[PDB]
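Coming up are structure 1 and structure 2: the same protein chain in two forms, each one given alone as structure tokens.
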Structure 1
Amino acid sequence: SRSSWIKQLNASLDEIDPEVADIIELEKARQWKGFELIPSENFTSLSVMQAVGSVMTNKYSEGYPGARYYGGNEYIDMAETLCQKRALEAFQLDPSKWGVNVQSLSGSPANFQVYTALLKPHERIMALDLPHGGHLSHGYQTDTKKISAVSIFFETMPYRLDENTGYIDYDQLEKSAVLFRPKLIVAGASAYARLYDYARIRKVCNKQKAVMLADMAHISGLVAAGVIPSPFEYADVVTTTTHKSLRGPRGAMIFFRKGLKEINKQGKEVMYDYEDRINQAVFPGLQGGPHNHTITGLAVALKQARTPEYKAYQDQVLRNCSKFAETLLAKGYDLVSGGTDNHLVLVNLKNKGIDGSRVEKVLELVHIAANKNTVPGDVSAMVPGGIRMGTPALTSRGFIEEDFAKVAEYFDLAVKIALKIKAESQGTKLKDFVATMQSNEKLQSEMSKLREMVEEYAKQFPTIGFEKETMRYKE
């Protein structure tokens, strides 16, 4: 028996679990053949995956380097200390002014850990409204229900876009903050295509004596490469995912000011008071054992973030998105805020006479992965009028500007098919659209042809994290 469970523990995935091996092979082929346009997605490196898939997973290491509860952590401590050092270096941070926690398991709990560290239950948070481009982990409630648990345990109130311009209305944010008295203001967005006015947020936070939290998950790779302005110039605390544009493993980091803050009226120094509170909220407050395999892969990703090739990549992300936006506009699409200054665009489909749910169904069938998105002017939250698309993932595969001009063309062809399906549907409900989409032989053929166009275009580019020659599903 004992020889038999040892053989099981050392066998390959192919031998032990052909069903799971097959699923992974199908997903590899999907990442080879598709336009991956979800702006939060990316393709991580082989070296990160090998670290995440390593025996670093086996160790329990509650606590912090040199201050653990378990023994045996000499090399786990090396990895976590190396990760912290590289995290500060990736954002060009002075370690006497900034510290970092690398144990938070993902972006959503990272924000909750900051709130738990710095706010009592039911204290007040302001953030960008979710339908205006915010994120659930900053709070969200509808008329009838608290949707994010941040809005259960803390008191949240949104700030909004200027409806005319599509940019954050900073004047209204400031006026709202006078009345609401937030103890923390979030400067961070998901579906927002413009740069944050961090200086203005800093002025509001100073006036309100509120914590300035920058949540840079969508843009952290752009920040690390220095191709957009840094929130670290202004923020008190910065959270981020380690995946998305950073191109690391799935995880998170929390950065915070430390050391001298200012001098009081009595000539006494006043120190920042974030580090101990945040580290203790992460552990023992809310998490248990760190995921050392992820932390080890994060250290790899943060070293990669320093290279000239990584900066060239992020510069290309920006140039690709600008050309993508330009081409969409030329083809008659409307963009929220009229364009982009970062890695994504927000298409408002209202002028085309069709909603994002119908378009996204066609996109899925032609192997264009995007996501439907609420846009300003939407009546129902469950009928999004927009589509969110971005450049990090396909830029990682080597798409350049002319390639994203073609992506915009193929998107437009998919919208035109969607409009044809709608024109052929009897009813106006989405189930009538879907039934037409699955019974109309002419339009099925058009979708099949566009699918082949998309796959033929995407397949020519390199695969990231695996080699084409050993793919099980080449056809």
Structure 2
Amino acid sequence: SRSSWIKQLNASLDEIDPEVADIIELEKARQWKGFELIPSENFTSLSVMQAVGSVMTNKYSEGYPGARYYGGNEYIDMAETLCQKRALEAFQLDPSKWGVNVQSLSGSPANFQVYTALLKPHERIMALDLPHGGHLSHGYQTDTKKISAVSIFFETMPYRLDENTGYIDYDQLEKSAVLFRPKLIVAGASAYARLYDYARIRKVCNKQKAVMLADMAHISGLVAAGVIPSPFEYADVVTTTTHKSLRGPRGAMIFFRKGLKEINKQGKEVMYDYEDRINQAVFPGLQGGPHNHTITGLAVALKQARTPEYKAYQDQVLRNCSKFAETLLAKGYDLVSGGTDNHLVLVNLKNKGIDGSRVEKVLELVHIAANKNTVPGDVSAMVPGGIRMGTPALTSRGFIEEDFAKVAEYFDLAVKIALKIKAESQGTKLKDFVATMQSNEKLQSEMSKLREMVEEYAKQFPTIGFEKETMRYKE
């Protein structure tokens, strides 16, 4: 059994677990044949995946480079030090003014670790309201329930959009902050199509003596390439995931000011007080052993973020989204804020007489991956009135402006099918919509035809991270 279990440890996935191998092959074909429009998704490189799938996973390395609680970490230290160096370089940060923690396991715990580092329990946080494009890891509660645990352990209050313009209502943010006295204000969003006024957030944070946390998860790759303004110009702390526009592994980073404070902010302490608190909140506070396979893959992704090819990619992401929005507007769709400055759009389906749940069900059946999304003016969060879509993932496969014009066309055809399913539905209920969607033979034929059109279009483009020639599912 000794030599036998060594064979099982060194055999390939195809031989050891054909069921799992088949699932991955099906997912490869899904990524090949679909319109992947979820703006938080991307296709990471083969080189990142080879690092994440390496023996770096075997090592325990609690602590920080050169200051570990375990032996054997000479090369894990090289990886984490290299990752930190490349993280600062990717955002053109002076290492005497900025530090970074690369151990946070994902975006949601990264933010919680910042709160734990800098705030006592029940201290006050302001952030963009979830139904107005915020994120759960900034806090969220309903009339009856705290949904995010951020709102359990800390005291949260939202700020909102101007529902007439679709931009953040900074005037109301400032006035609210005077009364609520936040200790930390979050500048970051999941479904905001415009650029943040980081200068205004900084002004409010200075008046309130609040920490300015920029959560740039969605835009980090755009920031790294220098194609939009950087939150590092203003923020005290910057969190980000590594798997969205950055195009890296699933993970996160926390950046923070260090060294001497501004002349007019030096007092009983002259140095920033973020580095030790954040590093200690990550470990020993809330995490144990770093995931060194992810950290090593992150180092790879951060080197890729420096290249001219990467800047060209992020430029194309923005130009594709601009064209995408223009085509949607010309086909009659309403966009929240009327357009976009970044990688995503938010379609408000109110002017079409159908909701996001119904449209997304059709999108899924025609191999278009998006998400239903609350829009300003929605009466209920349970019934989202919009669809969120973006350009990072298909841009990575080589979609350019005319290709996203085609994506908008096929989105439009899917909405028209959803409207027919609604018209053919007997009752008002979503259950009746689904029953029509699964029983009507003519409308199933139209969805089947649209699905073939999407797949034929998407299949022409390169696959990212694997070769077409060795795919199990080539049809």
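Shifts are known only where both forms have a C-alpha. All residue numbers here follow the sequence of structure 1, with the first residue given the number 1. Superpose the two forms; the largest set of C-alphas matching within 1.5 Å is the rigid core.
Fit the rigid core and compare the CA positions between the two structures: of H122, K209, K145, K265, just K265 moves by 2 angstroms or more.
Core-superposed comparison between the two structures: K429 shows a Cα shift of 0.1 Å. For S380, the displacement of the CA atom between the two structures, after superposition on the rigid core, amounts to 1.1 Å.
Core-superposed comparison between the two structures: residues with C-alpha shifts of 2 Å or more form a single run of three or more, at 262 to 269.
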